[PDB]
Every structure is written in C-alpha cells, then in structure tokens.
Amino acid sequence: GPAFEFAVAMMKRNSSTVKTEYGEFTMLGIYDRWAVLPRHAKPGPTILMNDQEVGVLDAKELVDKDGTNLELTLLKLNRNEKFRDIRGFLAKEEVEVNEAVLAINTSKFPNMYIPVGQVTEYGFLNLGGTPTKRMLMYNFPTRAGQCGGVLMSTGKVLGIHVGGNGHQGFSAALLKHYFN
C-alpha cells in the first residue's frame, strides 16, 4: 500500500524509458545528471531517453574491490534538467524486505507495478556466465522487458532488476557508496 504509493511517485519523478543498441530498459535517475542502467544495456555515446537523443558524458561499469561484476552502469547525461536527489533512499548495505514492489517503465510494460513478495540477500550468482555479487532475490518469473525495473519498499529504493532464471528474479543492490 504505502510501498505502491512510494513507487508510483518515485517512477513519476525519477524514471524514464531508455533504448540502447542492446534493447529497451527502465532507467532510474539518482541525482544531478547521474542515472543507473543494468550493465548489459551497454549504453553508447548516445541513448534514446523517452524517444529523445541524449549524450552520455561518462559511463562507469561498477565492480567490487575484487573486480567482481555488480551488473550496474552509472551514466552522466548531457541534459539541462537535474534529477531529484534520491541518495537518501539508498541503503549502505543490502536490504531484505518481506514485501517489495518492482516498477517497470518501457514500451512493452508501461507504468506497471509488480508485488514480488520477500526479497532475500542472494549474494553470488553466475549471471550471463559472469560471476556477480550483491544480488537480491524474489520469487517472480521475470521476463525480457523488465531489466532496469526498480525494486522498492516504503521509503526504500532497494535495487535494479538485472536478470532471472524463469522462476526467480534478481536485482543488483543500489548502495549509497556507489554515488559519493
């Protein structure tokens, strides 16, 4: 209830639809002109953001201290408008909740909200054959079209949807220290 209300407002204010050469994704703006995509969006020097051409000033593919994959790409966007600063809503470590909402904003799943239930700290996963850490797990059969999906609870942005195995979905944890 409060989680759906939080998610609708979060997506209204900070989400957009992005097309890269590698497909269509939900993109979350974090602060200033920094957004996050799943790494496998592989954003070029230019992106479509809500059907408009936008330049990518910088692109950091995130890895932990061992160089392990986190499956997140931070993007600096060449635009005048700035994102509402949502770093306050990002945890310092992986959040587990009994009740989460996954919010999608593409052409395929426009403004849809999925109650995914319990989110558990999964940690390690071989994702696309790349070892990956900091994975949050929910028992939902996620499909193509949901990557970049934003995983939320009341007052919390928990992570970005990056993968599934047909029965479970996995989000990369969106941790505060990524955006210092």
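The numbering used is simple: start at 1 and walk along the sequence shown.
The PDB entry reports B-factors from which the mean C-alpha value can be compared for 116-124 and 147-155; the larger average falls on 116-124.
For the pair 88-96 and 75-83, the mean Cα B-factor is higher in 75-83.
In this structure the maximum Cα B-factor among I30, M137, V54, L37 is found at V54. Per-chain ranking of the deposited C-alpha B factor places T68 in the highest third. In this PDB entry, the Cα temperature factor of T106 sits in the middle third of its chain's modelled residues.
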